[PDB]
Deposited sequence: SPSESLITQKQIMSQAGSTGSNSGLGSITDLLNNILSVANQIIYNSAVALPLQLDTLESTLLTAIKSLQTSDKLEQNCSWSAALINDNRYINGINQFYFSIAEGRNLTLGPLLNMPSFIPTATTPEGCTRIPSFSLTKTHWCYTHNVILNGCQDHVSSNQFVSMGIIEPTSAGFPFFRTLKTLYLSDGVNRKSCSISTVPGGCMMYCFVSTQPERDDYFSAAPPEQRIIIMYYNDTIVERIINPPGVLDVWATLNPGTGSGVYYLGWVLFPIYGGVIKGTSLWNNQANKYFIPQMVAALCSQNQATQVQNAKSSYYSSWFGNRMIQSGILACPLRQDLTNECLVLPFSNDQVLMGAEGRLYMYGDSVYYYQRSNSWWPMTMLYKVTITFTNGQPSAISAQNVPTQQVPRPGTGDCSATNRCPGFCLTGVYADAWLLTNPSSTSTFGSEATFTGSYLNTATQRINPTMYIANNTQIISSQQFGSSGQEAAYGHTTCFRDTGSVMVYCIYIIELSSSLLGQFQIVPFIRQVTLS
């Protein structure tokens, strides 16, 4: 279990609206990395997932022997060092290496262990969208007492509805007895979902002022952005997978898709917990290149999640490198299928302002360039501007995904955020996933 200095500073909004205005990033602090490195120049470690909770943390990433498989799992606690800052102490390690190609895995903390959700890849991504059958889905529970239970799940409404289903790779969350995971995939034309989603679209609140197209043109393009001709003519859908914490899971997990009137085209994502509220981060793999965060309201019918609703925190801040007419400078609706995973952590409560998210502050990392996965930069920002930032390495430095997480030392009363970034390395391995850590200072 985590040290008393952290058990009460996890999964919360740490600053008040007023304080958020005076927040800045401190120097990067040096701690022993809990994320394993490759031991060959061509080894590839990618797609990390990190979950932290009151009692402990869970970590995992994919390992491919030659170029960019096995799945490395880690788990432990946080404890203070004599310098005052954290040390992620690993208490158990696991390496799922057995021939099953588990990919796009999302991990979540659960009482006594970690629950991981992966899908079994057996062909190029695109082929998964064309094949009417969905890839195999698996949820592995790994207890700290070293028991391991892996199950091949078959949730209702997936077969013959989703041509593919993938976990979002971002952390899932343990909520009211269930483990929720972000998911996405392609839905088949003619299905109820497809029909119920028909004619729906979502346009971020700050698009109008920045887009040059008219309201009617924008609406038409936005509607079309949820369908991909390149990916088997499927409706790219974002959603949540809810599994009850059991060791005999089969078809009890439920697929809850987001309404396309509240969310953009399906993509990778992450689920958060700020107090009793669930939040969702949706990668911007469509036309809008800015950070997308939503407050998720979950409805339970008879002790079972029956529907989800998402409210976007309106921003125009922190763009992501895209390709073509969907670079970080795009502002107009249309169909796009490019981007990067770059989640953000809300240091301030969006519900604290009279108008939801009118003044929000978040932190994370992003690749500062319009079309290249280059110039990784850690930052703090509000809805319209970046109020603090520090690029890592010299310009041209290649990077990829970035998972950010913050917690507070209730002893010293300071917030530390960990920025897990995939860095292109020149010495060992294709990428080196680094758990950068620094403080978020008030002043």
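*Asks:* List the gaps, meaning deposited-sequence segments with no CA coordinates, ordered along the sequence.
*Replies:* Missing C-alpha atoms (numbering from 1) occur across the ranges 1 to 84, 153 to 157.
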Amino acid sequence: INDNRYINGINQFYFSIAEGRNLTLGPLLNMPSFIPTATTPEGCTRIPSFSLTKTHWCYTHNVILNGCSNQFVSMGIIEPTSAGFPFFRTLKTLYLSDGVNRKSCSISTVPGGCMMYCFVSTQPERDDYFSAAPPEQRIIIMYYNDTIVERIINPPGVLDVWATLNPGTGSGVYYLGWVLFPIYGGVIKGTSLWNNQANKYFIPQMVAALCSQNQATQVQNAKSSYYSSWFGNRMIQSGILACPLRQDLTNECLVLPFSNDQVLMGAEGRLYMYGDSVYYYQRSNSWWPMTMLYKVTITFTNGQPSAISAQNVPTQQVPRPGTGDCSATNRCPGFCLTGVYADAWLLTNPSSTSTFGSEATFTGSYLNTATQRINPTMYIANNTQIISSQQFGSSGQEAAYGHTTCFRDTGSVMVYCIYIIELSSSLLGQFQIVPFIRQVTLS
From here on, numbers count along this sequence of modelled residues.
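*Asks:* Mean Cα B factor from the PDB record: higher for 172 to 180, or higher for 214 to 222?
*Replies:* The deposited B-factors put 214 to 222 ahead on the C-alpha mean.
*Asks:* Is the mean CA B factor in the deposited entry higher across 100 to 108 or across 125 to 133?
*Replies:* Of 125 to 133 and 100 to 108, the stretch with the higher C-alpha B-factor average is 125 to 133.
*Asks:* Going by the deposited entry, which of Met414, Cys406, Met378, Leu52 has the highest CA temperature factor?
*Replies:* By C-alpha B-factor in the record, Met414 ranks first.
*Asks:* Can you pull the Cα B-factors for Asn166, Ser284, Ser365, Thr355 from the entry and say which is highest?
*Replies:* Max CA B-factor in the entry, restricted to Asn166, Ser284, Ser365, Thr355: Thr355.
*Asks:* Quick check on the deposited entry: does the C-alpha B-factor of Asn4 sit in the lowest, middle or highest third of its chain?
*Replies:* For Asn4, whose C-alpha B-factor we compare with every modelled residue in the chain, the answer is the lowest third.
*Asks:* So where's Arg320 on the chain's Cα temperature factor ranking, which third?
*Replies:* Middle third.
*Asks:* Consider only the C-alpha atoms of the modelled residues in this chain, order them by B-factor as the entry records it, and name the third containing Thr93: lowest, middle or highest.
*Replies:* As the PDB entry reports it, the C-alpha B-factor of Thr93 lands in the lowest third of its chain.
*Asks:* Is the Cα B-factor recorded for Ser74 in the lowest, middle or highest third of its chain?
*Replies:* As the PDB entry reports it, the C-alpha B-factor of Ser74 lands in the lowest third of its chain.
*Asks:* Name the third of the chain's ranked CA B-factors that contains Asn11, choosing lowest, middle or highest.
*Replies:* For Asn11, the deposited C-alpha B-factor lands in the lowest third.
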